[PDB]
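Visitor: part one of the assembly, not moved from where it sits:
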Amino acid sequence: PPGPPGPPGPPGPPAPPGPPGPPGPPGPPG
Amino acid sequence: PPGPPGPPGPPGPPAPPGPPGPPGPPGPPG
């Protein structure tokens, strides 16, 4: 009364798109 | 009846990597 609890909910959603990575390496010799 | 709602579900799955970082610094001057 009511009765036994229902099942666990489904998985949450993914987190938002991630931030960009770090600067690239130094370029070619001048 | 039916019983109370089930508990919250599991955390979401992993998300994809963010975008590539910016270009690196200029190369070594001549």
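Guide: Now that the structure is in, tell me what you want to look at. Numbers count the residues shown, from 1 in each chain, chains lettered A, B, ... in the order given.
Visitor: ok, and the closest non-adjacent residue to residue A:28?
Guide: Nearest residue to residue A:28, sequence neighbours excluded (CB to CB, 6 or more residues apart in numbering or on different chains): residue B:27, at 4.6 Å. Backbone N, C-alpha and C define where each C-beta goes, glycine included.
Visitor: pretty sure that neighbour sits against residue A:27.
Guide: Yes - because the distance of 3.8 Å satisfies CB atoms under 8 Å, residue B:27 is recorded as touching residue A:27.
Visitor: circling back: contacts only, for the residue nearest to residue A:28.
Guide: By CB atoms under 8 Å, 6 or more residues apart in numbering or on different chains, the contact set of residue B:27 is A:26-30.
Visitor: alongside chain B, which residues does chain A contribute?
Guide: Where chain A comes near chain B, counting by CB under 8 Å from any CB of the partner chain, the residues are A:1-30.
Visitor: now, of the residues you listed, which are buried?
Guide: For those, burial is judged from neighbour counts taken by 16 or more other CB atoms under 10 Å in any protein chain shown, and it is met by none of them.
Visitor: sequence for chain C below, add it please:
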Amino acid sequence: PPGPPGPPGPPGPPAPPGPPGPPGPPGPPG
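Guide: One more piece, chain C, placed on the ones above:
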């Protein structure tokens, strides 16, 4: 009878930072 499914779980782990950026431009000729 078993209650209804619970609510969706929380957001998954934060998306990793993206890959390093590309090499920088060439150095100055002088």
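Visitor: and the contacts of residue B:27, now that chain C is in?
Guide: If you count contacts by CB under 8 Å, 6+ apart, then residue B:27 has A:26-30, C:24-27 around it.
Visitor: and what of residue A:14?
Guide: With contacts defined as CB under 8 Å, 6+ apart, residue A:14 is in contact with B:12-16, C:11-12, C:15.
Visitor: hmm, which two among the residues you listed are most spread apart?
Guide: With CB to CB as the measure, no two of the contacts of residue A:14 lie farther apart than B:16 and C:11, at 13.8 Å.
Visitor: ok, and the closest non-adjacent residue to the residue in chain A positioned nearest to chain C?
Guide: Residue nearest to chain C within chain A (CB to the nearest CB): residue A:30, separated by 2.4 Å. Of all residues beyond its chain neighbours, the one nearest residue A:30 is residue C:27 (2.4 Å), with distances taken as CB to CB, 6+ apart.
Visitor: let me have the contacts of residue A:14 in a markdown table, extended by secondary structure.
Guide: A markdown table is the format used below for these (DSSP: H, G, I helix; E, B strand; the rest coil):
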| residue | secondary structure |
| --- | --- |
| B:12 | coil |
| B:13 | coil |
| B:14 | coil |
| B:15 | coil |
| B:16 | coil |
| C:11 | coil |
| C:12 | coil |
| C:15 | coil |
